[PDB]
């Protein structure tokens, strides 16, 4: 009877429930409204979510993330070959051509298919909802990117089944974000909706049309390797160079643990810069026992990321061209993904759309789970959100 909506994200996942027409995004054990899509294996335990992400730099080989980039893919795909440079964990091809993620767990070599790793994240999101409701949850709607093919969708459904969920439906992420804002209900006329989704690792722009409660994905574009992690890397590259100029050419980049610790602090400073004009990046005993400290203004962060930020408009122009429409014909621009909190990005989109205010009332990293939760309630017989 109880049905949840789950955004199974590349970097972060989110769970929501829609009851009585109202949507509650459920916080985890640490009070976090989103949970890292991370699974780690140690000498004693299997960690999922925050606990797994928090020990990633101390256990890189056995901390799995990015399974969404592998789910439903053949190991031989050029996407896998290219992405694997970014992973400290080992991925090999099985005899069936499916990827096998190799880790050490309790002193033993273990292998997992991408959907087994995703099933563990889904099981954690199921448990987050169960703790909140105080009751078992069996039904769920899971979202996937619009471009996911049949193999990727089926593998995501299989991940749900393995996690103990009865997957009522797999729906598109941009469509879920649009449903969250009630854009299917408010206004009977045809509506052209642009979903601008900039997360931790990917950038997806989708142009939808809504006529009479029916959403159709007219055009999609983006960049599978542009997200918040790339803005963190801009700060890391700067700090590495700044450390060199301060400490007689010493190179932090030679130590991968020093880089990971610096990256952690660069992402924290980046988030602060979304609501403050300045932030401090500080790592005590970063490299060679030398403490590192630097102050980054929002202006300097904007300068380091200038091309990357402006280039987010290129896939916006591409979807409008593919759909044969002018930017003036877009009725609503919905900001999705944690990176859409960056003021410069919001200003760039607003200027592009000639001063139109984007829909950002829903926490952008929760809008997809919010829409999935609405759809889960509808598919369960609850018409209260309408």
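Numbering follows the first chain given and starts at 1.
Stretches 243-251 and 203-211 differ in mean C-alpha B factor, with the higher average recorded for 243-251. Between 117-125 and 282-290, the higher mean Cα B-factor belongs to 282-290.
Across the residues 270, 153, 169, 98, the deposited record lists the maximum Cα B factor for 98.
The PDB entry gives the largest Cα B-factor of the residues 225, 157, 109, 73 to 109. Annotation for residue 301: C-alpha temperature factor in the middle third relative to the rest of the modelled chain, per the entry.
Placement of the Cα temperature factor of residue 105 within the chain: highest third of the modelled residues, per the deposited record. Annotation for residue 183: C-alpha temperature factor in the highest third relative to the rest of the modelled chain, per the entry. In this PDB entry, the Cα temperature factor of residue 145 sits in the bottom third of its chain's modelled residues, the lowest group. Ranked by Cα temperature factor within the chain, residue 259 sits in the highest third according to the deposited record.
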